[PDB]
Every structure is written in C-alpha cells, then in structure tokens.
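Take a look at the structure below.
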Amino acid sequence: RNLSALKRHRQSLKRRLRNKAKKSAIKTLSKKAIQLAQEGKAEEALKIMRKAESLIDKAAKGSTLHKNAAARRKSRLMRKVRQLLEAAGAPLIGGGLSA
Amino acid sequence: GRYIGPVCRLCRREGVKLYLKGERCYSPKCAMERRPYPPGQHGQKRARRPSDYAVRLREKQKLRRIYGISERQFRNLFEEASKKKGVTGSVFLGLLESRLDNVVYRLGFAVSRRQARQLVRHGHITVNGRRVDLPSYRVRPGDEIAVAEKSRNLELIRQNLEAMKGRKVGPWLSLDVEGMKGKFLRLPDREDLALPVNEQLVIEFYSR
Amino acid sequence: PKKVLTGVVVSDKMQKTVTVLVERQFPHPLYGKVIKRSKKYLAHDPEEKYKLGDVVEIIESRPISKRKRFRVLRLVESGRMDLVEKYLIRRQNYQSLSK
Amino acid sequence: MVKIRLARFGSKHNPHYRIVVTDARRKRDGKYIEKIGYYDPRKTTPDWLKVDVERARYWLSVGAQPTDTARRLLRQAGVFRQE
RNA sequence: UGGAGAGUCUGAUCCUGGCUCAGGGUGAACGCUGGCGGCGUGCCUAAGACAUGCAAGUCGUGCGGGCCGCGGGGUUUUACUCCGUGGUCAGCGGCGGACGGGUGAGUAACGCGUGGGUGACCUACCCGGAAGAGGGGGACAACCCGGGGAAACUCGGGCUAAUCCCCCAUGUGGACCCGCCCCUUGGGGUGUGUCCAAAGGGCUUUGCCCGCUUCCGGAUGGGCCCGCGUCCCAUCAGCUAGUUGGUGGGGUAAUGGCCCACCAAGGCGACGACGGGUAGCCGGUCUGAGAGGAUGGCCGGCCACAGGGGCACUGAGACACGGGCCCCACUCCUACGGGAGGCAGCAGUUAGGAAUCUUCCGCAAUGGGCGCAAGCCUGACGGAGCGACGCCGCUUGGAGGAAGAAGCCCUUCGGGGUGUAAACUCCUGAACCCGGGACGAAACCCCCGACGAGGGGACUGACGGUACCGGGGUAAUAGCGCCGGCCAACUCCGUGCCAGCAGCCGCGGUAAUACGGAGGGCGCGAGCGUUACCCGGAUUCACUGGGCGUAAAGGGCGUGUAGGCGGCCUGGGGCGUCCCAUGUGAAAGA
Ligand SMILES: [Mg+2]
Ligand SMILES: [Mg+2]
Ligand SMILES: [Mg+2]
Ligand SMILES: [Mg+2]
Ligand SMILES: [Mg+2]
Ligand SMILES: [Mg+2]
Ligand SMILES: [Mg+2]
Ligand SMILES: [Mg+2]
Ligand SMILES: [Mg+2]
Ligand SMILES: [Mg+2]
Ligand SMILES: [Mg+2]
Ligand SMILES: [Mg+2]
Ligand SMILES: [Mg+2]
Ligand SMILES: [Mg+2]
Ligand SMILES: [Mg+2]
Ligand SMILES: [Mg+2]
Ligand SMILES: [Mg+2]
Ligand SMILES: [Mg+2]
Ligand SMILES: [Mg+2]
Ligand SMILES: [Mg+2]
Ligand SMILES: [Mg+2]
Ligand SMILES: [Mg+2]
Ligand SMILES: [Mg+2]
Ligand SMILES: [Mg+2]
Ligand SMILES: [Mg+2]
Ligand SMILES: [Mg+2]
Ligand SMILES: [Mg+2]
Ligand SMILES: [Mg+2]
Ligand SMILES: [Mg+2]
Ligand SMILES: [Mg+2]
Ligand SMILES: [Mg+2]
Ligand SMILES: [Mg+2]
Ligand SMILES: [Mg+2]
Ligand SMILES: [Mg+2]
Ligand SMILES: [Mg+2]
Ligand SMILES: [Mg+2]
Ligand SMILES: [Mg+2]
Ligand SMILES: [Mg+2]
Ligand SMILES: [Mg+2]
Ligand SMILES: [Mg+2]
Ligand SMILES: [Mg+2]
Ligand SMILES: [Mg+2]
Ligand SMILES: [Mg+2]
Ligand SMILES: [Mg+2]
Ligand SMILES: [Mg+2]
Ligand SMILES: [Mg+2]
Ligand SMILES: [Mg+2]
Ligand SMILES: [Mg+2]
Ligand SMILES: [Mg+2]
Ligand SMILES: [Mg+2]
Ligand SMILES: [Mg+2]
Ligand SMILES: [Mg+2]
Ligand SMILES: [Mg+2]
Ligand SMILES: [Mg+2]
Ligand SMILES: [Mg+2]
Ligand SMILES: [Mg+2]
Ligand SMILES: [Mg+2]
Ligand SMILES: [Mg+2]
Ligand SMILES: [Mg+2]
Ligand SMILES: [Mg+2]
Ligand SMILES: [Mg+2]
Ligand SMILES: [Mg+2]
Ligand SMILES: [Mg+2]
Ligand SMILES: [Mg+2]
Ligand SMILES: [Mg+2]
Ligand SMILES: [Mg+2]
Ligand SMILES: [Mg+2]
Ligand SMILES: [Mg+2]
Ligand SMILES: [Mg+2]
Ligand SMILES: [Mg+2]
Ligand SMILES: [Mg+2]
Ligand SMILES: [Mg+2]
Ligand SMILES: [Mg+2]
Ligand SMILES: [Mg+2]
Ligand SMILES: [Mg+2]
Ligand SMILES: [Mg+2]
Ligand SMILES: [Mg+2]
Ligand SMILES: [Mg+2]
Ligand SMILES: [Mg+2]
Ligand SMILES: [Mg+2]
Ligand SMILES: [Mg+2]
Ligand SMILES: [Mg+2]
Ligand SMILES: [Mg+2]
Ligand SMILES: [Mg+2]
Ligand SMILES: [Mg+2]
Ligand SMILES: [Mg+2]
Ligand SMILES: [Mg+2]
Ligand SMILES: [Mg+2]
Ligand SMILES: [Mg+2]
Ligand SMILES: [Mg+2]
Ligand SMILES: [Mg+2]
Ligand SMILES: [Mg+2]
Ligand SMILES: [Mg+2]
Ligand SMILES: [Mg+2]
Ligand SMILES: [Mg+2]
Ligand SMILES: [Mg+2]
Ligand SMILES: [Mg+2]
Ligand SMILES: [Mg+2]
Ligand SMILES: [Mg+2]
Ligand SMILES: [Mg+2]
Ligand SMILES: [Mg+2]
Ligand SMILES: [Mg+2]
Ligand SMILES: [Mg+2]
Ligand SMILES: [Mg+2]
Ligand SMILES: [Mg+2]
Ligand SMILES: [Mg+2]
Ligand SMILES: [Mg+2]
Ligand SMILES: [Mg+2]
Ligand SMILES: [Mg+2]
Ligand SMILES: [Mg+2]
Ligand SMILES: [Zn+2]
C-alpha cells in the first residue's frame, strides 16, 4: 500500500482553497458593483467595478479561470453596470467603461 | 510422414505400372508382371462398373501416389494452381514437377522418387551452391541442382550416374554427368509429361 | 458544406419556429424500386416570416434549441397547401386503427 | 507532443520497423499520422533503410520529436546534412 | 477464372414437399492415439470471489531540513560555534499519475460507420515568430513543543526556505464595455476608457545551457452539431410535463431546456412513435458462382465500464481501474467507540464449467513518464514455459530381395491372399556426442568541430551457447475412422426381433457384405474420429431466384382513405438517372 501519489491529494485541497477563495471575492465584489448600479451611485459602482475586473484577470493569471471564462464574467459585469447605470445615467467616474 | 510401406501393391490397385519402386518396376518382377489385378482377397474377382465418383477418385490417387505426397500438400498445391493464371490442369503438373525431390529423380540422380526424397532429406543436394534438405523446395527455372561434393565420392551417386552416361534427359532439364551438375531450364508442358493420368478427371474430383 | 434541404412548412403553431417536411427519393438497397421517405425538421424563423404551405430551403445551422439545428434559408414556392393537406390527412388516419 | 519513432511490424525474432510520425501517447503499434520509413535491423535485404528525407524535414519544421534511434536512422539517411 | 448433386411417400409413375447426407469453417471441447521444430494462439461460463508478489513514478541543475558519519576552522584548554563532505529519510515544490494495460457489464444510442459543420470551441509538453522579467511583501509543511486514539490516524502552539503565494510597477501585446470600418451567426481591424505579465537555477560565472512571462501562428489530440446507415416482437398503438417552442438569466472552453424563472401550447407516431426482447460498433472474418447469410475472438480504430449507486475537487486535460467524499452489499482488524479493502493490470487461487497457461527471464532491443545529463520506473514490451488448439515444414528409412518362407485368413482343396511385405544383402545417417558460435546493437555518452552539419571514437543482452556452421554417428513411434445405398472398400465365423448398429433410408426373428470378432480392403496420417455451432447444398423467405383451380396459399362481397402505379404532343427545369474531374475511402487483412 501507501503510494505517495497521495501527496497529490494533499495539494488538491490546498489549491481548492486558493481557487474557492478568489471566486468568493469575485462574486462578492461583482454583486457589490451591480448593487450600486441599480442604486444609481455611479462613482462608487465604477470604482468597485475596476476592482472586480482586476480580481477577475488576476484569477485568470493562474489555474482558477484560465480561459475566456474571466472574459465572460467581465463582459456580463460591464454590460450589467452600464445598463443599470442607464437609470438616470450620469457616468461620473467613467473609469472602467468606454466613452 | 509420407506413405511408407509396400509400394508395388499400389502399382496393382491403380491398374498402371507405378515406377515408385524405381528399378525392378522395369525387370519382370514389378508384380505388375503376371499380377495386374489389385491386392487383397477379392483382387481376382470381377470388379463392378465404377461410379463416376470412383473414376475421379482412382485418377487422383493414381497421380498422388505417383508423386509420393500427402493429401495435404497435394490439395494445397492444387488450390495454388486454381488461383494462378493459366490452365489449372497443366499448372498443377508443372508445380508437382517443380518439387526438388521430383527434380532429383527426374535428373537421374536417384533411382526412384522415394530415393530422391531421402537424398534431399540428408542434404546431399545442392541448389545454386547451397544445400537444401527439403523435398518440397520449389525449383525455379535457372536453378542449378548439383550434388554436394561431400557426397560426390559416395558409391550410390557414382552408381546411378554411371548408368546415366548417354541417357537422355527431359526437354526442360539438362545435366552435366561428370561434375554432377544439373539445371531446371523451364516448366514442363503437358506434352513434356508421359504421365498416365487424366488431369481433367482430377480437377473434376475437386469440384465436389 | 452545411447541408441544405428543401421542404414544405407544415406547422405554424410555434413561436419563431416552423416545421418543415422534407421528402427524399432513393432506390431500395435490395428490391431496387425508388422509395419516398420524408423527415420533419424544426427550423428557426426569427422574423415569423414564413407561413404554412410555403416551400422553403433550410440550412444546417448552429444549434438553436434541442431539436432545432436548421434555419430557414429562403422561400422557394409560396403557399401550396396541397402538400399540407396530404400531411394533415395522413396524420388524421391515425385516429382510426387503435381499438 | 507529436513524435517520430519506430513501430515494429516484423514477426517473432524477425523485427521490421516502420519509421512513423504519431502522437507520443498512442500505442507503438497503433494508429500513426504518417509512415515515413522502414528499418530492418538484421539487414536482411540490400535496402534495409529508406527515409524520404524531404518529408521528415517537414515534420521537423513543425516540431515532431524523433527518438534517439529515430534520429540515428534519420541522420544516417542524411536528413540533417546541410552542405 | 465462375454455378455437380444424392437418399427417403408409390405395387410402379410424374409433381409438390419436408427431413437427411456429401463441402467448407471454429478462441473449441470429447474419445483413441501421439515423434521433432517454426510461427500463431489459449476463461466463449460467474462483469463471481480473491492469498501473495510485482504492475507509475521521477527530478538534489526549484527549496529548507531530520538522523548517522568524516574532515577543516575561530580558542592556551573547555563550552559554544563557522565551513566543507558522505549515506539515508521524508517534507515543501514541478512534470507525469487522463498515456499505456484490462474487460464487454451497460448501451438500439450521433454509441458506432460514413460524409460534413464549428461565425459555437479547447489543446500540457513540441515547432516558428514579437516582446519582457523592475521592486516589495507573506504563509504552510519539514523541524520543535503539547494533547487525544487500541488502531487508522488526528487536534493545537511556535520557527523557516523556494521555480509556493500575494501587492506595486513596466503594456510588445492581450481581455472587457461602447463607437466606427470591412466581413457576415460570437470572423478581422480600429479608437477612447478600464483590467492583466513573470522565477529562478546551473556551470567551462561576462557568456552560455535548463527553465519563466504576455501574444500570434503552426502542429497534434479533443468537445459539440448535422445528413445518411445500423437486430427481433404490432400478441407493444398510441407517446410526451422540461414535454415542444419563446424572452431573459445561470453554467461551460463552447452551441444547446443543460439547468432556472416567466410566457405560448405545443412536439412525436403506421416512413413503427411508445413499450418489450436482444446487443458494444466498425476495419474485418467465415461461407457462397454471386446476390446473400453468418460473425465481430486474436490484431487496428471508436465507445463504455472499473464491487453496485451518486458526487465533486485538482488540473491543459478526469467526474479519474492501482485519486477523494457519501450510500449499499461483502471480506479483514477491532480495546465495540471505530477503522482498512476493491486483479474486468501480470502471473497465481477458488468457484462454476465440456473447457482455456507460468505465482517464468530480462531493460539487451522498441515504446512511454520524469531528468541538462548520468540515470531511475515501466507484468507496455521483447523472450522463454505449458497445451497437436491452428497453420506450416519434417522423421518413423532407401536400393536389391522368391512365379513367392512361417503365422494368420479363405478354398471348388487344384489353390488363392496378406506380398517385395518380413527375413536377408548393400547405402544413407532422425536422435545423440564434440568443437566453433551469432544477426538482432547503434545511438544516448565522450573527444575534434561552436553542445550545429560533419568527422572520429568507447560501453551496451533477455532470448542463449539458443539459432547456424563443421566433425562423428545409430535403421530408428503409427495411428484413427470406414467397408448395405448416398460413399472408395468383402469374405469367414459367432449371434438368432437376442446381444446390439443407426446422419437419413433401414439392418437382426438361422447362410446377416449393416450387429460382434477376425482376415482383407478403402480413406486420411501425428493425427483420426465425435459432439456443438456457422455458411453451403436450400431456387426451402425465391433482389438475382418460388408460388396460390385440385398439392400449403385469392380476403365471403363491396365502397373507399393513405400508399403504389400512370395514354399521346410540346417546352422550362435537371430531383431520380448517366458521364467527367476531384477529395475521401487509415494501417493490417484481401
Ligand atoms: Mg511528487
Ligand atoms: Mg459574502
Ligand atoms: Mg477547472
Ligand atoms: Mg487456374
Ligand atoms: Mg521447357
Ligand atoms: Mg465448387
Ligand atoms: Mg410561427
Ligand atoms: Mg433557444
Ligand atoms: Mg392522436
Ligand atoms: Mg490518444
Ligand atoms: Mg544525401
Ligand atoms: Mg467472364
Ligand atoms: Mg424413387
Ligand atoms: Mg401418398
Ligand atoms: Mg416402399
Ligand atoms: Mg426431395
Ligand atoms: Mg459446394
Ligand atoms: Mg462439417
Ligand atoms: Mg494422453
Ligand atoms: Mg509456441
Ligand atoms: Mg469473461
Ligand atoms: Mg465468439
Ligand atoms: Mg523476482
Ligand atoms: Mg573543534
Ligand atoms: Mg572546497
Ligand atoms: Mg547528503
Ligand atoms: Mg541530507
Ligand atoms: Mg525528496
Ligand atoms: Mg490512478
Ligand atoms: Mg486505455
Ligand atoms: Mg473488444
Ligand atoms: Mg429498449
Ligand atoms: Mg443515429
Ligand atoms: Mg455520424
Ligand atoms: Mg465524423
Ligand atoms: Mg521573502
Ligand atoms: Mg516571515
Ligand atoms: Mg505530511
Ligand atoms: Mg501553525
Ligand atoms: Mg502546526
Ligand atoms: Mg508563480
Ligand atoms: Mg497597445
Ligand atoms: Mg485602449
Ligand atoms: Mg499591473
Ligand atoms: Mg518576487
Ligand atoms: Mg481538428
Ligand atoms: Mg439561452
Ligand atoms: Mg473543466
Ligand atoms: Mg421551468
Ligand atoms: Mg419518417
Ligand atoms: Mg449485453
Ligand atoms: Mg471467398
Ligand atoms: Mg447459392
Ligand atoms: Mg452483430
Ligand atoms: Mg452486425
Ligand atoms: Mg478475450
Ligand atoms: Mg457503473
Ligand atoms: Mg462504480
Ligand atoms: Mg497537468
Ligand atoms: Mg473515482
Ligand atoms: Mg469515467
Ligand atoms: Mg486494482
Ligand atoms: Mg462483533
Ligand atoms: Mg469445477
Ligand atoms: Mg501465454
Ligand atoms: Mg537461467
Ligand atoms: Mg526498455
Ligand atoms: Mg527505452
Ligand atoms: Mg527532457
Ligand atoms: Mg517500482
Ligand atoms: Mg509478451
Ligand atoms: Mg488430447
Ligand atoms: Mg524395402
Ligand atoms: Mg554403414
Ligand atoms: Mg548486437
Ligand atoms: Mg553491429
Ligand atoms: Mg570543445
Ligand atoms: Mg556523429
Ligand atoms: Mg542503455
Ligand atoms: Mg551468451
Ligand atoms: Mg550434422
Ligand atoms: Mg557410417
Ligand atoms: Mg527395420
Ligand atoms: Mg466422401
Ligand atoms: Mg460402394
Ligand atoms: Mg459401427
Ligand atoms: Mg449359426
Ligand atoms: Mg451365420
Ligand atoms: Mg434371413
Ligand atoms: Mg461385415
Ligand atoms: Mg454400416
Ligand atoms: Mg461387423
Ligand atoms: Mg483389419
Ligand atoms: Mg503435419
Ligand atoms: Mg479435429
Ligand atoms: Mg443447414
Ligand atoms: Mg438461399
Ligand atoms: Mg420452407
Ligand atoms: Mg426451411
Ligand atoms: Mg415453391
Ligand atoms: Mg384434399
Ligand atoms: Mg388447396
Ligand atoms: Mg372469391
Ligand atoms: Mg378461402
Ligand atoms: Mg408518362
Ligand atoms: Mg405521380
Ligand atoms: Mg423535357
Ligand atoms: Mg442532376
Ligand atoms: Mg471516387
Ligand atoms: Mg488497404
Ligand atoms: Zn512396381
């Protein structure tokens, strides 16, 4: 018995906690941004959106989201905050988005 | 292991002289002299009109026993001729004639087929400089069939070649009698064989 | 090549979708007479353009739904309801031959 | 990674190889991309090695990796000679 | 280049008609018998259960240590402590455990075959090209301390390194929103805005090797989609609730009722839906004149499964045979609280079964993983072992030898047969002995040359002292079926509807060529017969290629739905049809 391929499993549970953590931030930031887009705060929503995006691409850097998955979440996020900003638009910061 | 036993009995059972005994199938002892009826207790009884199957059977046996071959190699050679281009009937005969043992006999190296088979088996035969101990080896045209110089001084070879002096050889063969050489010039034609056998009957024995 | 078939729209009753019936002629592999088989495709109609009885080309397309892999290329022949009548009648015979 | 190697097609005690382009992950006697040569190691015939250099050079421009022995036999047929 | 029929219904006939046989095949098994070698092949049943051993690791040129040992230092001595080095152990980290090996259970399905789509996508390592690597910060093992448990193991506290992790920067470039251009399904370009890079190690240490980062392309492997084809039952006729479609959303690499909410009421079926039975599919294989039937073992390609069922994690890739969690059944340990397992991997065991092998050698070759390399692992593989299981080659002697011994068998008692067969004469020389003795092996590596081309050189065997060669050399296994017709081979005696033979037709109730033995003969021969199964004959499911007055078969009659089929002329089209080119039709097999 006792293969030391078991080492692999020990590392699995390491990376599981790495991946799982960054995603949880992503979601918790993404929602946050949208919550202010719906609530018409433009500057704060865009400020948070830039941090969301940064966290997304940073998770693409490694083995969490590596593919165009990160680009998926970005796309959906920018669409949602722009459209939610369409209610009394006033895009104050205008940082994250294009003119 | 081929048929091994009394042979001049099959001389009788076929009704034709079978020279498998070599000599003494010539001297009036062959038992085809003054005993042309088949063997057994009922040999001298009046034989019944054979069935159409009986005819093709006795013709195939008449050929098979002549070349001294198991049924297995016999049929595999036949099916080989059935596939090859040309007349199945004569192609088969050319193939049987191409057996190294048969060539040896045919070149007058051996008194008989069987003797030719033993001579091949014991490696006394050269082919293009190489020893070949398989009686089944297919001779090609242009192959030199010699006698191993090891055995050239043996008294059986000098015995047979002594009587081969001035004896004529088949039109598809030629031999040098002093150096104990020989050559397979080409495949024999139907007319090149005096075989008392109807090939069509044999072909017709395998259609069933 | 994307496969392209020509058939007759036998169903209007969906939204943004039409059923196309496509005949097909081929010699029987053993008995050799020419037999006529036919298959129904669910084709995508984004503009609700094509109506019942239309004879339309249908093109192999990126999957739209379960059971929808074709889109309506163009209109061949407008509104010959005799085809639809053969299909409807044949459907209608099945109410017999049960009990 | 695509590789250039040998595939054994002789019989027992009689090996004959087929210099072959295949994915490293397939069986050695399994499905390959292209047969680009044969190798007879007992050298039974006058021609016991054939290569078609200019095809091997193709598969090397795209990064097939030859075995140590494949490279031995390729070099012998002059695949790498650049003069 | 290819096509044979026969027996059996009648007193006899012709026809119809089933049954039977001759042929070929097999992962075979059974009986008698059994000499050698080569190449193939070998659990078809319980996808039943498994003792034992091996079957996937590797890298010290990513990093820090523990234990055991040696040497050299700072000191007058000790204590303490610094550097070098050897062996070993794991740990942290990277690449590989998704290949390769096994099975045929599930599956009638885009599962497979075949031809395509992907403007709906992914692809580690490999190849080509562009560009870059600046600075800072942190943690968990190992280690040390402590606790619980019988054990498996487990919990807590503290220190620490890195090619582990994170923040800043730099923006070749890439990603996202929006706009514009060209394309046309989410393809390419562009603008503003936002977001995103990295790691070191080694020496022959000034330069180079192994790595690292972003991007484009290539190559390879793959996902998903579609047309067509894919067994039996209609004594299965109706099926369907995410079910069919829509809008939006979630998810994924990616389309998609894949999932979710809401809306519409749809979708499928006699061209066989739904249900039941059966089953991996193919390249092929077998048979057949072919059309066809049968089949999918070994080998190659695809799929599915890993005790049964579900599930996700890590990852380029798995929902993972030798990884994880849970439920169930079973075996084992158990301090009764709780634990450990998973040969359909190689051998091997047991069960079942008519039946299926060695607990073999080897890393020498080929191939695969890790490694700068040296090298390590590889029951993949290469070989050997067993089994007439198949195919093939080969031996049990050759030549002379009596108008013909003995024995046996028959007889008209004259003789006939076994039979040139034996004896016996001569010749050769399977076995076995002796010596020599391989190919498979040349690269990796070293040296010259620049670690390139090129040249040069060195180590490297399981099989195996086997193959093979040379010398010497002995007459040295034969069996099994059959002899009434089909079907090649006949007499004697024994037995008397007995004992029994038998594929079919039939033999035997005192003269049996059919039973049993013998003599003899026919057929094959290291085999020969038998049983089972497949095709053939069978034109006996009739496309090729049959029929229905009396032989089996016209619906009791009509009307008519679907479907099938369609008179003469002309014109368009060109769907079927025919022609040309072209891509495809893997390798093997043929
Ligand atoms: Mg490891
Ligand atoms: Mg939260
Ligand atoms: Mg993932
Ligand atoms: Mg012929
Ligand atoms: Mg001639
Ligand atoms: Mg025939
Ligand atoms: Mg509509
Ligand atoms: Mg849809
Ligand atoms: Mg209905
Ligand atoms: Mg593969
Ligand atoms: Mg050259
Ligand atoms: Mg013709
Ligand atoms: Mg009759
Ligand atoms: Mg009658
Ligand atoms: Mg009668
Ligand atoms: Mg009949
Ligand atoms: Mg036949
Ligand atoms: Mg048979
Ligand atoms: Mg025995
Ligand atoms: Mg063998
Ligand atoms: Mg099995
Ligand atoms: Mg089978
Ligand atoms: Mg061992
Ligand atoms: Mg000291
Ligand atoms: Mg030193
Ligand atoms: Mg050490
Ligand atoms: Mg150490
Ligand atoms: Mg270690
Ligand atoms: Mg595993
Ligand atoms: Mg596999
Ligand atoms: Mg299989
Ligand atoms: Mg079913
Ligand atoms: Mg299908
Ligand atoms: Mg398909
Ligand atoms: Mg395909
Ligand atoms: Mg640090
Ligand atoms: Mg620290
Ligand atoms: Mg640990
Ligand atoms: Mg701690
Ligand atoms: Mg701790
Ligand atoms: Mg990193
Ligand atoms: Mg730029
Ligand atoms: Mg920009
Ligand atoms: Mg940055
Ligand atoms: Mg750093
Ligand atoms: Mg592709
Ligand atoms: Mg959708
Ligand atoms: Mg994934
Ligand atoms: Mg719903
Ligand atoms: Mg249909
Ligand atoms: Mg099954
Ligand atoms: Mg054939
Ligand atoms: Mg036929
Ligand atoms: Mg089948
Ligand atoms: Mg089939
Ligand atoms: Mg098997
Ligand atoms: Mg299962
Ligand atoms: Mg399971
Ligand atoms: Mg990986
Ligand atoms: Mg699993
Ligand atoms: Mg699986
Ligand atoms: Mg296992
Ligand atoms: Mg108990
Ligand atoms: Mg048993
Ligand atoms: Mg074996
Ligand atoms: Mg040994
Ligand atoms: Mg090896
Ligand atoms: Mg190797
Ligand atoms: Mg390497
Ligand atoms: Mg090991
Ligand atoms: Mg093997
Ligand atoms: Mg036996
Ligand atoms: Mg004799
Ligand atoms: Mg002598
Ligand atoms: Mg060698
Ligand atoms: Mg050599
Ligand atoms: Mg140098
Ligand atoms: Mg060189
Ligand atoms: Mg080596
Ligand atoms: Mg040796
Ligand atoms: Mg010798
Ligand atoms: Mg002698
Ligand atoms: Mg004797
Ligand atoms: Mg017969
Ligand atoms: Mg007869
Ligand atoms: Mg009998
Ligand atoms: Mg009596
Ligand atoms: Mg009597
Ligand atoms: Mg009587
Ligand atoms: Mg008798
Ligand atoms: Mg009988
Ligand atoms: Mg008898
Ligand atoms: Mg007898
Ligand atoms: Mg034999
Ligand atoms: Mg047999
Ligand atoms: Mg039959
Ligand atoms: Mg038929
Ligand atoms: Mg019938
Ligand atoms: Mg029948
Ligand atoms: Mg009839
Ligand atoms: Mg009647
Ligand atoms: Mg009648
Ligand atoms: Mg009537
Ligand atoms: Mg009637
Ligand atoms: Mg007409
Ligand atoms: Mg019509
Ligand atoms: Mg016309
Ligand atoms: Mg046309
Ligand atoms: Mg063509
Ligand atoms: Mg081919
Ligand atoms: Zn004679």
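The residue numbers of chain B are those assigned by Swiss-Prot, with the residues present covering 2-209 sequentially.
Method on record in the header is X-ray crystallography, 3.4 Å.
Here the Cβ of each residue, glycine as well, is placed from N, Cα and C on the backbone.
Feature annotation from Swiss-Prot assigns Zn(2+) binding site to B:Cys9, B:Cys12, B:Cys26, B:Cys31; the stated evidence is experimental evidence. Among the features that Swiss-Prot reports, domain 'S4 RNA-binding' is placed at B:99-161.
Within 8 Å of the Cβ centroid of the Zn(2+) site, not counting the listed residues B:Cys9, B:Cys12, B:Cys26, B:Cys31, the chain contributes B:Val8, B:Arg13, B:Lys18, B:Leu19, B:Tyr20, B:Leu21, B:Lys22, B:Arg25, B:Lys30, B:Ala32, B:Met33.
Secondary structure of the domain 'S4 RNA-binding' (B:99-161), assigned with DSSP and counted as helix (H, G, I), strand (E, B) and coil, comes to 26 helix, 11 strand, 26 coil. Cβ neighbour count for B:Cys26 (Zn(2+) binding site) (all protein chains, 10 Å cutoff from its Cβ): 20.
Sequence-distant neighbours of B:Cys12 (Zn(2+) binding site) (same chain, 6+ apart, CB under 8 A from its CB) are B:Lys18, B:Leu19, B:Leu21, B:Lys22, B:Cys26, B:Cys31, B:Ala32, B:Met33. In this structure, B:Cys12 (Zn(2+) binding site) is part of a helix by DSSP. Sequence-distant contacts (6 or more apart, same chain, Cβ under 8 Å) of B:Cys9 (Zn(2+) binding site) comprise B:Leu19, B:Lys22, B:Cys26, B:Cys31, B:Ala32, B:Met33.
Not one of the binding-site residues B:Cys9, B:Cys26, B:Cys31 places a Cβ under 6 Å from an atom of ligand 43.
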